[PDB]
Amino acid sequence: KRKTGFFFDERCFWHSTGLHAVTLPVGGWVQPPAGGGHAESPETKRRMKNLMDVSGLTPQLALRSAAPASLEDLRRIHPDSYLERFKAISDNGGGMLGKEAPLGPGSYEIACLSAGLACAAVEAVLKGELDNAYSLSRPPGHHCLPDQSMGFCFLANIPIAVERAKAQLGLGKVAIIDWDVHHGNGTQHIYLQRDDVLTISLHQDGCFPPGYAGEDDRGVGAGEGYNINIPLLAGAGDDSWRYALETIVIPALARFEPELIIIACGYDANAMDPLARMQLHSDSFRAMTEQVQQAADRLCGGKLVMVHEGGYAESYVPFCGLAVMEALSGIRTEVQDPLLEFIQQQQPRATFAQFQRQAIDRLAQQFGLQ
């Protein structure tokens, strides 16, 4: 039983992005949705917190909100031209911030709050106030480029908190493991030429950004060797993701020797997600958390911070997030994941599992870890 922080704020559920039919904007041949719909609905994140409450887990955590990330915090990552336009659209009722980047009224302040939850979670663990922490950051961060919103992300949540910790708290080497099912292209770009931040992405081959695999992009200049892309095959499930972690991610952590491990923790690799094609269940996320926590215990005194990213299965993500918080806190509630046994039966058979293992083996060899 560890002292585990949970950083969240009701306001993060109020960020809106206009009318969508799942991911499609309304208009032309896309009929308006009759009820809910839009993928980045707050309901997925809210239902996770709701389940944490009814399970009795919440009162055993250190609950916190946070001051929003300041303008100085944002400027470590994003140029003023981007921030001023983001704020302008937000200030004027919402609208488009470039193609496929809809935001709502006050989304600017809410995005800053989301980034601040990450900032505070990182600071608390580094100072030793908490053993580990989870930040329920909405909107997400890991696709956000310095000057371009992408994939529902408007600020670079994890990079903002990292650069803050580097300027204010003397943070050294840090590893960012991104197991959101989509490529962490924002994190990758920001740290591409830097050897002080090790960026690792496990992602469905070609999912988002579309067509990007990226195993050959290892970083540039001083950063060469300090970026790792693991494009897993669409359809992969529990065995494949855990194999990738233990075979590539953990050995990379051991070679890098970080002061802190941050997870870009998306759940959209879950077996019901509409936005990707992987077959993970709640125990998959439970095991992956155990793997990185134990690495944290060996490498940086257990210092581990997880920042929420994606996840779009409204009824199933809550069980995956509870599993992560149970593993992170070391507290097991009475909740049994009602789809666990079902998804276990759906797992790829041994021919696929071994084919995927081969491919992970080649990646490990390509990255100098085998």
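Residues carry their position along the shown sequence, with the first being 1.
In this crystal structure, the stretch out of 191-199 and 205-213 whose C-alpha atoms carry the higher mean B factor is 191-199. Between 340-348 and 34-42, it is 34-42 that carries the larger average Cα temperature factor according to the deposited entry. Comparing C-alpha B-factors across 285, 256, 108, 152 in the deposited entry, the largest value falls on 256.
Based on the entry's C-alpha B-factors, the most elevated value among 265, 115, 222, 271 belongs to 222. Residue 139: CA B factor lies in the lowest third for its chain, per the PDB record.
Ranked against the other modelled residues of its chain, the C-alpha B-factor of residue 129 as given in the entry falls in the highest third.
Sort the modelled residues of the chain by CA B factor and residue 331 lands in the highest third. For residue 123, the recorded CA B-factor ranks within the highest third of the chain. Only modelled residues enter the ranking. When the modelled residues of the chain are ordered by C-alpha B-factor, residue 73 sits in the middle third.
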